[PDB]
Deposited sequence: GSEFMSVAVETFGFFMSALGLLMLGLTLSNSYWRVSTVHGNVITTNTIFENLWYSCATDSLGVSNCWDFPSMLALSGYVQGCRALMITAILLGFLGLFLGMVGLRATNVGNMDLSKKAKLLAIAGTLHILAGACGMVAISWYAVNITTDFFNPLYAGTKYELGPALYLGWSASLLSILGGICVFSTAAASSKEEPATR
């Protein structure tokens, strides 16, 4: 019975770590959306590939981010990564075999529950940011009246959606094992 708890604990911990790492990869990924020249943007840069092949990038203007949804998506992604770091750290200390200080199993269980919640919240923040970003792009693309540039969903959004799910599912596992102590 103890093996099963440890296995799920270990599994959930590595899932959370994987989700956090991918969240960081998502935030720094160049392809949040691509013009259906060729324009591709993330939360930080707006770029353009001119004929033929040459690509240039400019910083995503802060007023544009503020007047839109980008600055909000920035805040949710940054929060998610910070929460995931706090969760990874506390989760690492909360593992059964871990000897950082000299805490009993009960104190470890409390830490795992906190770490578990942090990963769930991190996945939630990432989930909202990706979805918020995605809906804005999708609404414009399928709008006949929309005169502006139309974008496709970028690969990073599928990476972020996966990352968030991994964080949530991982956090659930860690939290479940914590409740059993």
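Q: Enumerate the deposited-sequence segments absent from the coordinates, judged by C-alpha atoms, in order of position.
A: In sequence order, the gaps with no modelled C-alpha are 1, 38 to 45, 191 to 198.
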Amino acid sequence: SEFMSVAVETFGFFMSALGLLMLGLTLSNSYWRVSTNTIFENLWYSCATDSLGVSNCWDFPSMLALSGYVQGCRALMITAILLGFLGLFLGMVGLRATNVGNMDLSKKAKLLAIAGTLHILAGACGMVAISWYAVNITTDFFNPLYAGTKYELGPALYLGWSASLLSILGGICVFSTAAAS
From here on, numbers count along this sequence of modelled residues.
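Q: Quick one: say whether 123 to 131 or 47 to 55 has the higher mean Cα B-factor in the deposited entry.
A: Looking at the record's C-alpha B-factors, the answer is 47 to 55.
Q: Tell me which stretch has the larger mean Cα B-factor in this entry, 73 to 81 or 105 to 113.
A: 105 to 113 has the higher mean C-alpha B-factor.
Q: For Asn37, does the deposited CA B-factor place it in the lowest, middle or highest third of the chain?
A: According to the entry, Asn37 has a C-alpha B-factor in the chain's highest third.
Q: Mind checking which third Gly68 falls in for C-alpha B-factor across the chain?
A: Its C-alpha B-factor belongs to the highest third of this chain's values.
Q: Lowest, middle or highest third: which one holds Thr149 when the chain's residues are ordered by CA B-factor from the entry?
A: Its C-alpha B-factor belongs to the highest third of this chain's values.
Q: Lowest, middle or highest third: where is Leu86 by Cα B-factor in its chain?
A: For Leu86, the deposited C-alpha B-factor lands in the middle third.
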